[PDB]
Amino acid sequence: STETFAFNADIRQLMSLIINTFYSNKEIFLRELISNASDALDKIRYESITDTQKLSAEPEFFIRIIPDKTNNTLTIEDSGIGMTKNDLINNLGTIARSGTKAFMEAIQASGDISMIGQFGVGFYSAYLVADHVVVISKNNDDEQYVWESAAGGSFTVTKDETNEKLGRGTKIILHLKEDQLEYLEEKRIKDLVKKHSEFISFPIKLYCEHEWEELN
């Protein structure tokens, strides 16, 4: 059954800024999410080098990008370390980190919205292009859970019993805004990924039409 959580106030203000901004460089969400996937993969590769068993639920490292024109969603999937239920609650809303508070104080003092691009807003950049965001995650030390938020001051976390099992990793599902459908186009995606992927040392694949295309 679903549990509801309140966004930390600072995180709520960050989301508020993101949702109301006219910042035109929205495409940066893609680099933020792919970097997150790379970091999560970093972690499971690191943990498993001295302990190969940690790879058993999913032996291959990958990042997959799946645009879906039928329901206007863009999905970023990885087989990284994944998040436990507590991880989703702790890392995706309830706790405002040092950097986040510093970013908010800085941007409020300067009003310089180019900071969004210069310093980044991490995972929350998804709300630059999406109305609603879903996160399915599976970590070795817990069952599969689902995090959801339409950015209304709250999010929910629900033990997953409807979706296909990931084995290990994370699936970020962006429900794109009506005016942001360009990010379903494969050329748009490839050009963005090419721009930010030189030093991502995991295989990146794009779902095309259907077949998987290698981006690196």
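Counting begins at 1, following the sequence as shown.
Per the record, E209 and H210 are separated by a gap of 4 to 9 residues from the deposited sequence that were not modelled. Look at the mean CA B-factor for 75-83 and for 139-147 in the entry; the higher one is 139-147. Mean CA B-factor, 128-136 versus 108-116: the higher value falls on 108-116. Taking only the listed residues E32, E186, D39, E27, the entry reports the highest CA temperature factor at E186.
Each of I172, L176, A57, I66 has a CA temperature factor in the record; the biggest one is found at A57. Sort the chain's modelled residues by C-alpha temperature factor and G93 lands in the highest third, per the entry. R12 sits in the middle third of its chain by CA B factor, as recorded in the PDB entry.
Annotation for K190: CA B-factor lies in the lowest third of the chain's modelled residues. Split the chain's modelled residues into thirds by C-alpha temperature factor. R168 is in the middle one. Per the deposited record, the Cα B-factor of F155 falls in the highest third when ranked against the other modelled residues of its chain.
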